[PDB]
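Encoded as structure tokens, the following chain is the form deposited in one PDB entry, with no partner shown.
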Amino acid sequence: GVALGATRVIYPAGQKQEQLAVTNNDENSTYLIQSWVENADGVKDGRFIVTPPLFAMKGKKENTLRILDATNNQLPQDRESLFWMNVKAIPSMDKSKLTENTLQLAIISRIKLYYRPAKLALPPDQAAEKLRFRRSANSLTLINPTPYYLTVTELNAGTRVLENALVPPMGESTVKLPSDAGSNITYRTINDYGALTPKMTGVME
């Protein structure tokens, strides 16, 4: 819920500030966008700040967020970094001035944000071609123990078609797989421009 400029956002050596639009589907309801960024842990750490981080707008409008460098914290270079760019978007946050703490109204849009100064020696086109896969009679583990982080969208594994997933940092994720799943894997990915790729082949081992 809420129609932000994208469903996924990238900071390719943003080295100033980037942007993310906000719009709505409905045109009656007003919204209160309340961005915060999180250290992949869902802890809100001001390693990123947003500007305006906090606004109301009328739902059918645009109001862009800009998202700017507040890291400076000795981020790694032997691997990259991943953020969650959470937005509580309340369709008008009335009934939150000391009236209990149980206002359900919160379309938390929960977006993901990549960081990459891209100063790793890993060739970023091949990042998706060294994301390994391990198939089982229940699961398909995504294997991103690589330093770079790329998205895998619409994973096809043998005789089955699977969900979108996101990459954990230098680690493995899992999606559902049947007790059939042939030895072909293919997928689309999100490259650093937000370019959802053509159908590309994929790399189990």
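Heads up: residue numbers just count along the shown sequence, starting at 1.
Although not depicted, the form deposited with a partner chain bound is the subject of the following passage.
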* Asked: Hey, in the deposited bound form, does residue 63 get a heavy atom within 4.5 angstroms of the partner chain?
  -> yes
* Report yes if any heavy atom of residue 170 sits within 4.5 Å of a heavy atom of the partner chain in the deposited bound form; otherwise report no. => no
* Asked: Can you check whether residue 105 is within 4.5 Å of the partner chain in the deposited bound form, heavy atom basis?
  -> yes
* Close approach of residue 178 to the partner chain in the deposited bound form, 4.5 Å, heavy atom -> no
* Asked: Looking in the deposited bound form, is the partner chain within 4.5 angstroms of a heavy atom from every one of 71, 76 and 147?
  -> no
